[PDB]
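Presented below, as structure tokens, is a lone chain in the form deposited in one PDB entry.
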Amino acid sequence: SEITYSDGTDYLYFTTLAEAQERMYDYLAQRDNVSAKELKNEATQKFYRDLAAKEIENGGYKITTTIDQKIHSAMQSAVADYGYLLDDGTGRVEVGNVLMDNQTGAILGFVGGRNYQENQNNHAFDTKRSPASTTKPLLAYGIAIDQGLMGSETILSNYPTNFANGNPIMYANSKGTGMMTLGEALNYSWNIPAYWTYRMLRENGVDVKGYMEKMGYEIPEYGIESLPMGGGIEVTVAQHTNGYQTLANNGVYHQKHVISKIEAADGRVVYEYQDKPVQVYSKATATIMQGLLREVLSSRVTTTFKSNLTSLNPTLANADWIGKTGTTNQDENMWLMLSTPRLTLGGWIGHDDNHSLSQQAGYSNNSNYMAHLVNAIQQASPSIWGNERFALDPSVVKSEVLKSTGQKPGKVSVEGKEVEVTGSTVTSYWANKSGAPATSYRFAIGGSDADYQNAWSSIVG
């Protein structure tokens, strides 16, 4: 009886064992005609779990995993040789990563932690943590866009503002600034605009959990004001990677999996992964979203990745990389999600007890560690990342708008009066029918009464 890697023959052992055990259980139960309401009985369960365990250690099944040998060993050397770059002064830094194919959900290789021998917790598949700002594309902007409430150069308020509970909304030490583009909101990861976006989605009662649940996310309370910043959410790196699989495969989710097939010795098929593809964001949204995340990495505001990788390997650095970082407040978790059109790679770092990493752990160390990781992968499989490009889908609507309001040039009721509105203008990619609408008084997403006049008697004379 033998577990096989994609072609041929440590956390990997356990993790596979366990999925495979689970499946055998479903098959046994069902080959025995064990009834709907019998399998609820605990005792029957324990007999079947134990029976599946046994069928597998002594019955000669051929278990086929999606895992790629060369890749997954390279991801282990890479964490053995370069794991120490994660160590930032706050003790041993733990780490989890998952590589995934964007067309299939197949998981090709992962890193369960620094060293299975010193610490057995699986951080790729079992440690579960808030994702912080990397929630914002899935949950706030890609939805707003996909629902026609925004396009790529719409404006958003980052003026100081408060939670329901009175407290002010921070970004590090900043109480906030002024108005700003989606781009700038994404690249810096400002929290206020994100707050305002999710607030808008509630105001229109959008079916936000219809989106999240279609990628397999489990969030218990959708009404959290910090949700888009990651309050009220917790995920493993593997589930979360599958959320970035969705944005990268033009919005078609494919469910994450490790096992493709289990065959008895004589070919009977005990179990087969059966693709269940689901169109979560329109193609227009996912592609306008690709364009945005291309600049989160190029602009290097919240990660140094494009720099460390250009130096490690200039030609891979020119593949079409997109993604997003996250930092939970207090700095206990750092995330980097990366994608090329072919692959997604999720990475988390943190401490098993939850204390603090250093300020730069996400920004510099995980960024450079991931650059090594992404190198070791390509160096082991030179074509795997691909040389393809993310492209706006033909169905994106290109609209014609003002750098300054994000809406079409037009005239405004400037609180009793009138101005024809101008300055130079910029392309906006929209995922609706029709485009930007004509400018208006409340042009920006979110914003208080006070500030729409701070901003309008300014974005004038």
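Only residues modelled in both forms are compared. For every residue, the number given is its place in the sequence shown, counted from 1. For the two forms, the rigid core is made up of the largest set of C-alpha atoms that agree within 1.5 Å on superposition.
Keep in mind that the form deposited in another entry is missing from the display, and what follows is about it.
Considering 403, 54, 398, 411, one residue stands apart with a C-alpha shift of at least 2 Å between the shown form and the other one following superposition on the core, and it is 54.
Once you line up the core between the shown form and the other one, the Cα of residue 452 stays within less than 2 Å of where it was. After superposition on the rigid core, the Cα of residue 425 moves by less than 2 Å between the shown form and the other one.
Mapped along the sequence, displacements between the shown form and the other one of 2 angstroms or more at every C-alpha, sustained over at least 3 residues after core alignment, occur at 24-32, 34-36, 43-60.
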